[PDB]
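To begin, one chain is listed below as structure tokens, in the form deposited in one PDB entry.
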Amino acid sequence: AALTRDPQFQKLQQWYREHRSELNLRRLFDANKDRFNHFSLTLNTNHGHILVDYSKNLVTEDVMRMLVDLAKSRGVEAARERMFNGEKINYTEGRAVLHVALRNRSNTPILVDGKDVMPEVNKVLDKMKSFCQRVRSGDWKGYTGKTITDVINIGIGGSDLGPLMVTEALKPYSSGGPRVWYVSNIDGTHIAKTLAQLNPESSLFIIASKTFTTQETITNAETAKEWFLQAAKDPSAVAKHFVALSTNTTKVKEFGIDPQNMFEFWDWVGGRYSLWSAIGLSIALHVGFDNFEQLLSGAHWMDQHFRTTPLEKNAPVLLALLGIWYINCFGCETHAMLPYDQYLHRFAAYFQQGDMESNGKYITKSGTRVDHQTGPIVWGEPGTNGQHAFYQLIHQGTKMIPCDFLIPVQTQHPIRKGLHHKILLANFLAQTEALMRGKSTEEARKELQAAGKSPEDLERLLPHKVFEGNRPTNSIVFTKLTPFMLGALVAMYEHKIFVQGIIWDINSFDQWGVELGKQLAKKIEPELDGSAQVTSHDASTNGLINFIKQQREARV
């Protein structure tokens, strides 16, 4: 791989191997009095501030210098320009990568195959706006002439997780919008338990699918259509209760959806970057097109910040480089995203798709296998809940986990005169601090003595109450979680992923594993029907199928 061959990478690996033991957070904070100032970024978006405090990380002045040097050496700025200019950086599929275009509020031209994509981008948005205004008011009526109370998105993966996470995150902005439902799994539970709660007279179905061929989405869409027509009995009513979000015009019309009920997007819109496109119609229906514009505007601000800011002060760039430092030097397999916000319960899950589906690769731009670590395993749950659970392994486990702590300063619900948010903020701060400093053998001994413990019981219990500390955190604090701020935060991580993949020399925009998954369950599918034994596969698969066939009619 090209990365292991790089001179700045080898310089960074050499420093790490020599000065690893001298990287102590408690020792560094009382050495450099202005460490916070030297290792933090204040971003003013004019719609809220973002503090990216990376001072609780295992870096000095020299380490950040070398990491910035690697970004230049791997050609991050050049690669960035190729993306924003509309060049075909998704080489494996022969596609541009333009999620940035979907939110380009400046309307500055972006050229794909000598043609500006912007007029078509803005046209779909206009169609979205009109549709939303029509549905949300009551202008768009059902087959019985009833106003839409329920919006149902049928889609999986990128055609699901984006709008799900965003509608959950921006829930208090959904006043006077219809309820949103998200059917994704093939599991009949998902579609069945949903339809049992809906009335077909006042329900709108959205068939979110880029290809419009995906088994899960199409099957779920056909079931809903069958469920709807069982009560309506009129094929003409489908044009009132069904809309599609796709690139494939032929497949949409073939399904039975009116060609004027289709909201287009393009192949340079990857699934895990599609919420910004027509895929976000469910978001725009829930919180309104105004808030959806604000969402795109926030992302736009972050795109502009990423493109114009020097690398040493660039937010997604610095976050990405801290990642490289822990993955390719410290050996960290994981990266934890811990939002101190209940609206952001699906945030960690969204970037579990976003990051892992992008940087979960092993083949370079040339075609050679990598001889270094690529993308991490991304996971997390909102605070404070995690403190009472997995934080135990973070504080006292045997594995290093770099964490991203995130929190709005202002809460959507300032109940009890701000008492709940005050505790939430206090906990946010205290936890990052505790991970940094810890509790020594002497500090634990003094605490046990004041409470009341005998020298025989105290000494046995002593090492168990000791916290080694020296665990790295990023503290990302923002003014308020508004549509705009969420847009900026999502886009920040989008480019964080992008920068990492460029350094690793991998394609962050192909998905050959998920492409494989869409073909696999066609070989096994016919072999499940009947009661006859299967031997066409390996010993494991065969045995599994025969067990399934056996247990199929068993009374329990």
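Take the two forms, superpose them, and find the largest set of C-alpha atoms that agree within 1.5 Å; that set is the rigid core. Sequential numbering from 1, following the sequence displayed. Residues that one form lacks are left out of the comparison.
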Mean Cα B-factor comparison, 475-483 or 132-140, giving the higher one as deposited: 132-140
227-235 versus 306-314 - greater average Cα B-factor per the deposited record: 227-235
Highest-ranked of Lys417, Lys439, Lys146, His286 once sorted by CA temperature factor in the record: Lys146
Residue of maximum C-alpha B factor among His395, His345, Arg460, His413, per deposited coordinates: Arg460
Chain thirds of CA B-factor: placement of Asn44: lowest
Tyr54 - which third its CA temperature factor falls in, relative to the rest of the chain: lowest
Third of chain Cα B-factors occupied by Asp341: lowest
Lowest, middle or highest third - CA B-factor, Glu494: lowest
Cα B factor band for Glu81 (lowest, middle or highest third within the chain): middle
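In what follows, reference is made to the form deposited in another entry, a form of this protein that is not presented.
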Shifted position (C-alpha, 2 Å or more, core held fixed) between the shown form and the other one, chosen from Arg82, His395, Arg95, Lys251: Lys251
Did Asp34 shift 2 Å or more between the shown form and the other one, C-alpha, core superposed: no
Flag for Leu528, CA shift 2 Å or larger between the shown form and the other one after aligning core: no
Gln519: Cα shift of 2 Å or greater between the shown form and the other one (core-aligned): yes
Once both forms are overlaid on the core, stretches between the shown form and the other one of 3 or more residues with C-alpha shifts of 2 Å or more: 247-251, 253-256, 514-520
